[PDB]
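Source file: model_29.cif (mmCIF, C-alpha atoms and all ligand atoms)
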data_run
#
loop_
_atom_site.label_atom_id
_atom_site.label_comp_id
_atom_site.auth_asym_id
_atom_site.auth_seq_id
_atom_site.Cartn_x
_atom_site.Cartn_y
_atom_site.Cartn_z
CA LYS A 1 79.80 113.10 103.60
CA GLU A 2 78.42 110.13 101.62
CA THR A 3 76.80 107.18 103.33
CA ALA A 4 78.83 103.98 102.95
CA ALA A 5 76.14 102.50 100.67
CA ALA A 6 76.02 105.55 98.38
CA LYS A 7 79.79 105.55 98.13
CA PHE A 8 79.73 101.89 97.05
CA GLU A 9 77.16 102.75 94.39
CA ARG A 10 79.27 105.68 93.15
CA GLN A 11 82.52 103.69 92.99
CA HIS A 12 81.25 100.32 91.80
CA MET A 13 77.86 100.34 90.04
CA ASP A 14 77.44 100.70 86.27
CA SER A 15 74.01 99.32 85.40
CA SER A 16 73.87 101.45 82.26
CA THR A 17 76.06 99.17 80.10
CA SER A 18 76.46 95.41 79.73
CA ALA A 19 80.27 95.77 79.58
CA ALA A 20 83.06 98.32 78.99
CA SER A 21 82.38 100.10 75.67
CA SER A 22 86.01 100.70 74.73
CA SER A 23 89.60 100.77 75.98
CA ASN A 24 88.88 104.27 77.25
CA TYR A 25 85.98 103.15 79.47
CA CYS A 26 88.03 103.34 82.67
CA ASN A 27 89.55 106.73 81.90
CA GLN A 28 86.03 108.07 81.42
CA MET A 29 84.40 106.34 84.38
CA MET A 30 87.14 106.92 86.96
CA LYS A 31 86.90 110.63 86.14
CA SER A 32 83.09 110.97 86.00
CA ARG A 33 82.68 109.00 89.24
CA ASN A 34 85.06 111.45 90.97
CA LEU A 35 87.80 108.89 91.61
CA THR A 36 90.54 111.09 90.15
CA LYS A 37 89.59 114.28 91.99
CA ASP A 38 92.15 114.49 94.80
CA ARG A 39 94.45 111.69 93.59
CA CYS A 40 94.51 108.80 91.13
CA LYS A 41 92.63 105.95 92.78
CA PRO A 42 94.97 103.06 91.88
CA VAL A 43 92.48 100.22 91.41
CA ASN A 44 88.70 100.06 91.09
CA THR A 45 86.09 97.62 89.74
CA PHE A 46 82.77 98.47 88.11
CA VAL A 47 79.87 96.01 88.05
CA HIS A 48 77.64 95.84 84.98
CA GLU A 49 74.49 94.41 86.57
CA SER A 50 71.32 95.89 88.09
CA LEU A 51 71.63 97.50 91.53
CA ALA A 52 69.14 94.89 92.73
CA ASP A 53 71.34 92.01 91.52
CA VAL A 54 74.37 93.45 93.30
CA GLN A 55 72.53 94.19 96.56
CA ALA A 56 71.22 90.62 96.41
CA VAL A 57 74.78 89.37 96.91
CA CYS A 58 74.47 90.26 100.61
CA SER A 59 72.19 87.24 101.06
CA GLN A 60 74.31 84.87 98.98
CA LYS A 61 77.47 82.93 99.93
CA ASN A 62 78.95 84.14 103.23
CA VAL A 63 82.80 84.10 103.04
CA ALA A 64 85.69 85.80 104.83
CA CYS A 65 86.88 89.20 103.65
CA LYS A 66 90.59 89.59 102.83
CA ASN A 67 91.14 91.16 106.26
CA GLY A 68 89.42 88.37 108.15
CA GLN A 69 86.10 90.12 108.78
CA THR A 70 82.99 87.90 108.52
CA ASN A 71 80.59 90.17 106.63
CA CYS A 72 81.69 89.32 103.09
CA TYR A 73 79.54 87.59 100.46
CA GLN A 74 80.40 85.93 97.17
CA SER A 75 77.92 86.01 94.29
CA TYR A 76 76.54 82.58 93.34
CA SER A 77 76.75 83.49 89.69
CA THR A 78 79.31 85.36 87.58
CA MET A 79 78.70 89.01 86.70
CA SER A 80 79.96 91.34 83.97
CA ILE A 81 82.67 93.49 85.50
CA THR A 82 85.38 95.94 84.47
CA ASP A 83 88.64 96.25 86.39
CA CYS A 84 90.26 99.67 86.16
CA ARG A 85 93.92 99.92 87.14
CA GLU A 86 96.38 102.79 86.86
CA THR A 87 98.97 102.19 84.15
CA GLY A 88 102.13 103.57 82.52
CA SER A 89 102.35 107.35 82.38
CA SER A 90 99.65 107.83 84.99
CA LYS A 91 100.58 110.71 87.27
CA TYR A 92 98.14 112.96 89.11
CA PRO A 93 96.46 114.98 87.82
CA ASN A 94 97.03 113.14 84.55
CA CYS A 95 95.47 109.83 85.54
CA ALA A 96 95.49 106.96 83.05
CA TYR A 97 93.81 103.54 83.40
CA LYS A 98 93.92 100.13 81.77
CA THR A 99 90.44 98.69 81.14
CA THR A 100 90.02 94.94 81.61
CA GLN A 101 86.54 93.48 81.03
CA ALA A 102 85.67 90.08 82.52
CA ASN A 103 82.92 87.84 83.82
CA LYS A 104 83.52 86.79 87.40
CA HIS A 105 81.94 86.19 90.79
CA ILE A 106 82.08 89.31 92.94
CA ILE A 107 82.78 89.47 96.67
CA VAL A 108 81.42 92.39 98.65
CA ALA A 109 81.28 93.38 102.30
CA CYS A 110 77.81 94.24 103.55
CA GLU A 111 76.57 96.37 106.47
CA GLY A 112 73.52 98.06 107.89
CA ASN A 113 69.78 97.69 107.97
CA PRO A 114 68.90 97.31 105.17
CA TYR A 115 71.92 95.03 104.68
CA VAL A 116 73.67 96.39 101.58
CA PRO A 117 77.14 96.41 99.96
CA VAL A 118 79.62 98.89 101.44
CA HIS A 119 82.96 97.59 100.09
CA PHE A 120 84.16 95.68 97.03
CA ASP A 121 86.50 93.00 98.33
CA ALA A 122 87.47 91.05 95.22
CA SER A 123 86.27 89.16 92.18
CA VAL A 124 86.93 85.55 91.24
CA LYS B 1 112.68 83.29 108.18
CA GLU B 2 111.65 82.74 104.54
CA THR B 3 112.81 85.02 101.77
CA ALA B 4 109.96 87.02 100.23
CA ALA B 5 110.27 85.02 96.98
CA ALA B 6 110.17 81.64 98.72
CA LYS B 7 107.14 82.72 100.72
CA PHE B 8 105.35 83.68 97.48
CA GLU B 9 106.16 80.25 96.06
CA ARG B 10 104.87 78.52 99.20
CA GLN B 11 101.62 80.49 99.34
CA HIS B 12 100.79 80.81 95.65
CA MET B 13 102.45 78.24 93.35
CA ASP B 14 100.83 74.92 92.40
CA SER B 15 102.52 73.75 89.20
CA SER B 16 101.64 70.14 89.98
CA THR B 17 98.01 70.31 88.78
CA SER B 18 96.22 72.04 85.90
CA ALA B 19 93.35 73.04 88.23
CA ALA B 20 91.76 72.24 91.61
CA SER B 21 91.08 68.48 91.77
CA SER B 22 87.98 68.67 93.97
CA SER B 23 85.94 70.85 96.31
CA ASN B 24 88.38 69.86 99.04
CA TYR B 25 91.42 71.20 97.17
CA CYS B 26 91.66 74.34 99.29
CA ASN B 27 91.23 72.56 102.61
CA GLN B 28 94.12 70.30 101.63
CA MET B 29 96.40 72.96 100.16
CA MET B 30 95.90 75.66 102.81
CA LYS B 31 96.90 73.06 105.40
CA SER B 32 99.86 71.48 103.57
CA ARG B 33 101.26 74.91 102.64
CA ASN B 34 101.22 75.87 106.35
CA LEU B 35 98.59 78.59 105.98
CA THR B 36 96.45 77.27 108.83
CA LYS B 37 99.26 76.80 111.34
CA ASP B 38 98.90 79.80 113.65
CA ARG B 39 95.53 81.04 112.35
CA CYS B 40 93.16 80.55 109.43
CA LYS B 41 94.53 82.65 106.57
CA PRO B 42 91.26 84.17 105.31
CA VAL B 43 91.94 84.37 101.58
CA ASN B 44 94.61 82.91 99.30
CA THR B 45 95.04 82.18 95.59
CA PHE B 46 96.99 79.32 94.02
CA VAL B 47 98.34 79.52 90.47
CA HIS B 48 98.32 76.40 88.29
CA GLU B 49 101.12 77.31 85.87
CA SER B 50 104.87 76.69 85.73
CA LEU B 51 107.06 78.72 88.10
CA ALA B 52 108.73 80.14 84.99
CA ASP B 53 105.40 81.37 83.58
CA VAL B 54 104.53 83.10 86.84
CA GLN B 55 107.97 84.69 87.31
CA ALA B 56 107.68 85.91 83.71
CA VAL B 57 104.79 88.15 84.80
CA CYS B 58 107.35 90.55 86.32
CA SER B 59 108.31 91.63 82.81
CA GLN B 60 104.75 91.90 81.51
CA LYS B 61 102.18 94.71 81.94
CA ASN B 62 103.26 97.23 84.60
CA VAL B 63 100.19 98.40 86.61
CA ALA B 64 99.52 99.97 90.01
CA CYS B 65 99.13 97.73 93.05
CA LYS B 66 95.97 98.15 95.16
CA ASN B 67 97.95 100.27 97.63
CA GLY B 68 99.35 102.59 94.98
CA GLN B 69 102.84 101.07 94.73
CA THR B 70 104.32 100.93 91.20
CA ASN B 71 105.90 97.47 91.20
CA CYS B 72 102.85 95.46 90.17
CA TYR B 73 102.48 93.49 86.92
CA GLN B 74 99.45 92.00 85.19
CA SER B 75 99.82 88.83 83.13
CA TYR B 76 99.19 89.32 79.40
CA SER B 77 97.35 86.03 79.26
CA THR B 78 94.88 84.30 81.57
CA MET B 79 96.12 81.56 83.90
CA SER B 80 94.46 78.64 85.71
CA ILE B 81 93.95 79.71 89.31
CA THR B 82 92.14 78.59 92.45
CA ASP B 83 90.80 81.06 94.99
CA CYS B 84 90.60 79.72 98.52
CA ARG B 85 88.41 81.62 100.98
CA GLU B 86 87.36 80.80 104.52
CA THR B 87 83.69 79.83 104.73
CA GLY B 88 80.85 78.93 107.11
CA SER B 89 81.90 76.99 110.19
CA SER B 90 85.54 77.91 109.81
CA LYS B 91 87.06 78.59 113.21
CA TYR B 92 90.69 78.09 114.17
CA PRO B 93 91.97 75.48 114.51
CA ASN B 94 89.12 74.00 112.48
CA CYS B 95 89.73 75.92 109.27
CA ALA B 96 87.38 75.38 106.33
CA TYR B 97 87.69 76.80 102.79
CA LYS B 98 85.56 77.25 99.70
CA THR B 99 87.39 76.28 96.50
CA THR B 100 86.69 78.39 93.41
CA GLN B 101 88.55 77.48 90.20
CA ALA B 102 88.86 80.07 87.42
CA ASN B 103 90.91 81.29 84.50
CA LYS B 104 92.05 84.87 84.95
CA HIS B 105 94.90 87.33 84.52
CA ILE B 106 97.02 87.52 87.66
CA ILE B 107 98.57 90.64 89.16
CA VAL B 108 101.69 90.29 91.27
CA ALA B 109 104.12 92.65 92.96
CA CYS B 110 107.75 92.03 92.10
CA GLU B 111 111.01 92.86 93.89
CA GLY B 112 114.70 92.10 93.96
CA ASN B 113 117.49 91.07 91.65
CA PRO B 114 116.50 88.74 90.12
CA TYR B 115 113.15 90.52 89.82
CA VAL B 116 110.58 87.97 91.03
CA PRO B 117 107.05 87.86 92.49
CA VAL B 118 106.80 88.64 96.21
CA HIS B 119 103.06 89.36 96.63
CA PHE B 120 99.82 88.29 94.94
CA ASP B 121 97.82 91.46 94.44
CA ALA B 122 94.72 90.30 92.58
CA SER B 123 93.34 88.42 89.61
CA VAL B 124 91.09 89.71 86.84
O1 LIG C 201 70.43 96.20 83.60
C1 LIG C 201 71.59 95.44 83.49
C2 LIG C 201 72.76 96.24 83.99
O2 LIG C 201 73.78 96.11 82.85
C3 LIG C 201 73.27 95.06 81.98
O3 LIG C 201 73.58 95.39 80.68
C4 LIG C 201 72.63 96.46 80.28
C5 LIG C 201 71.42 96.23 81.19
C6 LIG C 201 71.87 95.10 82.10
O1 LIG C 202 80.74 89.64 78.38
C1 LIG C 202 79.86 90.53 79.00
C2 LIG C 202 78.67 89.80 79.52
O2 LIG C 202 77.48 90.54 78.90
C3 LIG C 202 78.00 91.67 78.15
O3 LIG C 202 77.46 91.72 76.86
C4 LIG C 202 78.59 91.89 75.90
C5 LIG C 202 79.79 91.29 76.64
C6 LIG C 202 79.41 91.57 78.07
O1 LIG C 203 81.23 96.65 72.59
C1 LIG C 203 80.69 95.76 73.52
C2 LIG C 203 79.60 94.95 72.88
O2 LIG C 203 78.39 95.23 73.78
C3 LIG C 203 78.90 95.85 75.00
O3 LIG C 203 78.02 96.82 75.48
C4 LIG C 203 78.67 98.15 75.41
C5 LIG C 203 79.80 97.92 74.39
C6 LIG C 203 80.12 96.47 74.67
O1 LIG C 204 84.81 95.24 76.43
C1 LIG C 204 86.19 95.42 76.22
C2 LIG C 204 86.62 96.65 76.93
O2 LIG C 204 87.24 97.52 75.83
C3 LIG C 204 87.48 96.62 74.72
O3 LIG C 204 87.25 97.34 73.57
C4 LIG C 204 85.79 97.28 73.31
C5 LIG C 204 85.34 95.96 73.97
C6 LIG C 204 86.54 95.57 74.80
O1 LIG C 205 89.26 110.40 77.69
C1 LIG C 205 88.83 110.84 78.94
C2 LIG C 205 88.43 112.28 78.88
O2 LIG C 205 89.02 112.85 80.18
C3 LIG C 205 89.63 111.73 80.89
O3 LIG C 205 90.82 112.13 81.48
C4 LIG C 205 91.92 111.83 80.52
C5 LIG C 205 91.25 111.13 79.33
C6 LIG C 205 89.91 110.75 79.92
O1 LIG C 206 82.30 106.37 79.38
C1 LIG C 206 81.49 105.26 79.14
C2 LIG C 206 81.27 105.10 77.68
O2 LIG C 206 79.85 104.54 77.61
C3 LIG C 206 79.28 104.70 78.95
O3 LIG C 206 78.08 105.38 78.86
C4 LIG C 206 78.26 106.76 79.38
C5 LIG C 206 79.77 106.93 79.51
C6 LIG C 206 80.17 105.49 79.71
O1 LIG C 207 68.35 92.36 98.63
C1 LIG C 207 67.94 93.57 98.07
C2 LIG C 207 66.69 94.04 98.75
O2 LIG C 207 65.90 94.66 97.60
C3 LIG C 207 66.54 94.26 96.35
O3 LIG C 207 65.60 93.59 95.58
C4 LIG C 207 65.85 92.12 95.67
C5 LIG C 207 67.19 91.97 96.40
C6 LIG C 207 67.62 93.40 96.66
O1 LIG C 208 79.20 85.65 111.37
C1 LIG C 208 77.95 85.84 110.78
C2 LIG C 208 78.07 85.86 109.29
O2 LIG C 208 77.02 86.91 108.90
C3 LIG C 208 76.41 87.37 110.14
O3 LIG C 208 76.22 88.73 110.06
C4 LIG C 208 77.53 89.37 110.38
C5 LIG C 208 78.37 88.24 111.00
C6 LIG C 208 77.36 87.12 111.14
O1 LIG C 209 88.86 94.14 94.16
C1 LIG C 209 90.08 94.26 93.48
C2 LIG C 209 89.99 95.36 92.48
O2 LIG C 209 90.56 94.72 91.20
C3 LIG C 209 90.89 93.34 91.49
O3 LIG C 209 90.29 92.50 90.55
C4 LIG C 209 89.56 91.44 91.30
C5 LIG C 209 89.20 92.16 92.59
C6 LIG C 209 90.42 93.02 92.78
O1 LIG C 210 103.22 72.67 84.30
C1 LIG C 210 102.01 73.36 84.29
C2 LIG C 210 101.66 73.75 85.69
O2 LIG C 210 100.22 73.26 85.84
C3 LIG C 210 99.78 72.92 84.49
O3 LIG C 210 98.94 71.82 84.57
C4 LIG C 210 99.82 70.64 84.80
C5 LIG C 210 101.17 71.07 84.20
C6 LIG C 210 100.93 72.51 83.80
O1 LIG C 211 90.24 75.32 83.28
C1 LIG C 211 91.56 75.07 83.68
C2 LIG C 211 92.50 75.44 82.59
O2 LIG C 211 93.33 74.17 82.36
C3 LIG C 211 92.91 73.18 83.35
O3 LIG C 211 92.64 71.95 82.75
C4 LIG C 211 91.31 71.48 83.23
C5 LIG C 211 90.58 72.78 83.61
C6 LIG C 211 91.75 73.65 84.02
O1 LIG C 212 89.11 67.37 87.58
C1 LIG C 212 89.72 68.36 86.82
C2 LIG C 212 89.93 67.90 85.42
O2 LIG C 212 91.45 68.06 85.22
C3 LIG C 212 91.93 68.89 86.32
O3 LIG C 212 93.20 68.48 86.73
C4 LIG C 212 93.11 67.98 88.13
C5 LIG C 212 91.62 67.67 88.29
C6 LIG C 212 91.02 68.73 87.39
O1 LIG C 213 87.98 72.35 89.43
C1 LIG C 213 86.86 72.56 90.26
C2 LIG C 213 87.34 72.65 91.67
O2 LIG C 213 86.56 71.56 92.41
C3 LIG C 213 85.46 71.21 91.52
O3 LIG C 213 85.26 69.85 91.66
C4 LIG C 213 86.22 69.18 90.74
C5 LIG C 213 86.47 70.21 89.63
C6 LIG C 213 85.87 71.48 90.20
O1 LIG C 214 90.42 67.27 104.24
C1 LIG C 214 91.58 67.90 104.70
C2 LIG C 214 92.34 66.99 105.61
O2 LIG C 214 92.79 67.94 106.73
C3 LIG C 214 92.33 69.27 106.35
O3 LIG C 214 91.87 69.94 107.48
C4 LIG C 214 90.40 69.71 107.59
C5 LIG C 214 90.03 68.88 106.34
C6 LIG C 214 91.25 69.09 105.47
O1 LIG C 215 95.30 68.26 97.70
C1 LIG C 215 95.41 68.35 96.32
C2 LIG C 215 94.72 67.19 95.68
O2 LIG C 215 95.59 66.93 94.44
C3 LIG C 215 96.81 67.72 94.62
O3 LIG C 215 97.92 66.90 94.48
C4 LIG C 215 98.53 66.68 95.82
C5 LIG C 215 97.49 67.22 96.81
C6 LIG C 215 96.80 68.24 95.93
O1 LIG C 216 111.68 85.83 84.14
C1 LIG C 216 112.11 84.64 84.72
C2 LIG C 216 113.59 84.52 84.60
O2 LIG C 216 113.79 83.02 84.35
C3 LIG C 216 112.48 82.45 84.05
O3 LIG C 216 112.55 81.85 82.80
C4 LIG C 216 111.91 82.74 81.79
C5 LIG C 216 111.23 83.86 82.59
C6 LIG C 216 111.52 83.49 84.03
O1 LIG C 217 108.01 103.03 88.11
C1 LIG C 217 108.71 102.04 87.43
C2 LIG C 217 107.82 100.88 87.11
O2 LIG C 217 108.76 99.68 87.27
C3 LIG C 217 110.06 100.23 87.63
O3 LIG C 217 110.64 99.42 88.59
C4 LIG C 217 110.02 99.80 89.90
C5 LIG C 217 109.33 101.15 89.63
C6 LIG C 217 109.79 101.47 88.22
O1 LIG C 218 94.14 88.38 95.51
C1 LIG C 218 92.87 88.19 96.08
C2 LIG C 218 92.77 86.82 96.64
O2 LIG C 218 91.42 86.32 96.11
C3 LIG C 218 90.85 87.35 95.26
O3 LIG C 218 90.52 86.82 94.01
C4 LIG C 218 91.12 87.70 92.98
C5 LIG C 218 92.35 88.24 93.70
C6 LIG C 218 91.81 88.38 95.09
#
As structure tokens, what does this structure read like?
Amino acid sequence: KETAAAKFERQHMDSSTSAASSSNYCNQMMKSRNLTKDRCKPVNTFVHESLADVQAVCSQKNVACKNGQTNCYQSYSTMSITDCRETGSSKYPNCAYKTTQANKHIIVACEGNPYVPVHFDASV
Amino acid sequence: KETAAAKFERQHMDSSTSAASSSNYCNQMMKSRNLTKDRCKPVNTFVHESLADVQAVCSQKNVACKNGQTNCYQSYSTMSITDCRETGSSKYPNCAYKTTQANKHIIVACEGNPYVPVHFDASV
């Protein structure tokens, strides 16, 4: 199995590009990151910043997670992100995603020692 | 009990202002909209557009909800919104919220006849 931290990296980190390259970005990334393997993951966000910048969020603004847990953190600054969301004719195993690029604060849940992101809660 | 539609209006509609008026906007609105009555609701978004503009989202871009349901819709345009999130010393019944104003697409789940918003899924 993956560690929680490694799974966060796989699902949510894209430090290789400053933003989505095209309207097919999500189709490509959801597939290559193994998020369409056993089902179509309905919604997923990729962050276009360094791993260090995203891990740093765990020592930024402490806020409540959507479920009421206390280990969530909101980035002080906005970050380049891409929201990927299933759309239209999407039906496993023929997944299809809408790509929406934006610049927003991210909110992540952190755990462990070292204290690192393990869930993407939301973006604002 | 409230209808689902009326509950959405109570939790999520603020057509009276173009944006959050101050850093205390969320403290005021979470209280006056009864979201701190029996507990501190951890996270909640208010939309600063007409009720008609928000209801109109139900006939815009059909996308998957975070849970995989198919009745979610993403606004074609961005809208003025305020994210309210519990912060710091927040402990029922002394709720405390961080106010973050932004301009984003909204995603809502719709139901019924007439087909209207019943849940706020996310914003991008
Ligand atoms: O390293 C960071 C991660 O993504 C940004 O755009 C390209 C490089 C920048
Ligand atoms: O808007 C985002 C922020 O930085 C990226 O470079 C091109 C656009 C991307
Ligand atoms: O097309 C836009 C412009 O720059 C971004 O980096 C990858 C492609 C994005
Ligand atoms: O960054 C966004 C994502 O895809 C669009 O087409 C290229 C740039 C636009
Ligand atoms: O374009 C890419 C290539 O393969 C992905 O699955 C469908 C289309 C996606
Ligand atoms: O699919 C997208 C398109 O550009 C990114 O770099 C590698 C693949 C990524
Ligand atoms: O918080 C983590 C710990 O190491 C990274 O470099 C700076 C911040 C990142
Ligand atoms: O409530 C506080 C907020 O962050 C600390 O670490 C986890 C919970 C502790
Ligand atoms: O975390 C979820 C995934 O997509 C949504 O956009 C903002 C955050 C929401
Ligand atoms: O009616 C709409 C709802 O909120 C906007 O700013 C004030 C009026 C506008
Ligand atoms: O940014 C939002 C969009 O419209 C509002 O008027 C003042 C700022 C508010
Ligand atoms: O202060 C800003 C400027 O205009 C917005 O409408 C209410 C207050 C907001
Ligand atoms: O709109 C945002 C929300 O609160 C800030 O102070 C007033 C305007 C700023
Ligand atoms: O400022 C307002 C007034 O009452 C709310 O609960 C705490 C503070 C909030
Ligand atoms: O609390 C906020 C401050 O301004 C809005 O109009 C009525 C109260 C709302
Ligand atoms: O979709 C709903 C139905 O009535 C409202 O006025 C236009 C759109 C709104
Ligand atoms: O799958 C489609 C998408 O919208 C229709 O109404 C509910 C589900 C139907
Ligand atoms: O719906 C939730 C509530 O707050 C988050 O900001 C974007 C949407 C997320």
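We find CA of residue 72 in chain A and CA of residue 55 in chain A to be spaced 12.3 Å apart.
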Produce as a PyMOL selection string the set of residues near ligand LIG 206 (chain C), where near means within 6 Å with only C-alpha atoms and all ligand atoms considered. chain A and resi 21+25+28-29
Given a cut-off of 6 Å, which residues of chain A touch chain B, counting only C-alpha atoms, written out as a VMD selection string? chain A and resid 42 to 43 63 to 64 66 68 86 to 87
Distance limit 10 Å, reference ligand LIG 214 (chain C), atoms considered: all atoms listed in the file. Which residues make the cut? Give them as a VMD selection string. chain B and resid 23 to 32 36 90 93 to 97
Could you take the residues named above and write them with C-alpha atoms, as a PDB file, keeping the file's coordinate frame?
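Output file part16.pdb is given in full below:
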ATOM      1  CA  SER B  23      85.940  70.850  96.310  1.00  0.00           C
ATOM      2  CA  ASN B  24      88.380  69.860  99.040  1.00  0.00           C
ATOM      3  CA  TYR B  25      91.420  71.200  97.170  1.00  0.00           C
ATOM      4  CA  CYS B  26      91.660  74.340  99.290  1.00  0.00           C
ATOM      5  CA  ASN B  27      91.230  72.560 102.610  1.00  0.00           C
ATOM      6  CA  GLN B  28      94.120  70.300 101.630  1.00  0.00           C
ATOM      7  CA  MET B  29      96.400  72.960 100.160  1.00  0.00           C
ATOM      8  CA  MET B  30      95.900  75.660 102.810  1.00  0.00           C
ATOM      9  CA  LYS B  31      96.900  73.060 105.400  1.00  0.00           C
ATOM     10  CA  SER B  32      99.860  71.480 103.570  1.00  0.00           C
ATOM     11  CA  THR B  36      96.450  77.270 108.830  1.00  0.00           C
ATOM     12  CA  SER B  90      85.540  77.910 109.810  1.00  0.00           C
ATOM     13  CA  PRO B  93      91.970  75.480 114.510  1.00  0.00           C
ATOM     14  CA  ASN B  94      89.120  74.000 112.480  1.00  0.00           C
ATOM     15  CA  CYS B  95      89.730  75.920 109.270  1.00  0.00           C
ATOM     16  CA  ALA B  96      87.380  75.380 106.330  1.00  0.00           C
ATOM     17  CA  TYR B  97      87.690  76.800 102.790  1.00  0.00           C
TER      18      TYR B  97
END
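Compared by their closest atoms to ligand LIG 213 (chain C), and using only C-alpha atoms and all ligand atoms, the residues B:78, B:99, B:16, B:11 rank with B:99 nearest.
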Expected selection as number ranges by chain for ligand LIG 216 (chain C) within 9 Å, only C-alpha atoms and all ligand atoms: B: 51-59, 114-116
Which neighbours of residue 14 in chain B fall inside 9 Å, counting all atoms listed in the file, when residues of the same chain fewer than 2 positions from it are skipped, and could you give them as a ChimeraX atom specification? /B:9-12,16-19,46-51,81
Please determine, counting all atoms listed in the file, which residue among A:117, A:89, A:20, A:8 has the shortest atom-to-atom distance to residue 33 in chain A. A:8
Point-to-point distance from CA of residue 5 in chain A to atom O1 of ligand LIG 218 (chain C), Å rounded to tenths: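 About the pair CA of residue 5 in chain A and atom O1 of ligand LIG 218 (chain C): they are 23.5 Å apart.
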To box ligand LIG 213 (chain C), take all atoms listed in the file, fit an axis-aligned box, add 8 Å on each side, and give centre and edge lengths in Å to one decimal, as JSON.
{"center_x": 86.6, "center_y": 70.9, "center_z": 90.9, "size_x": 18.7, "size_y": 19.5, "size_z": 19.0}
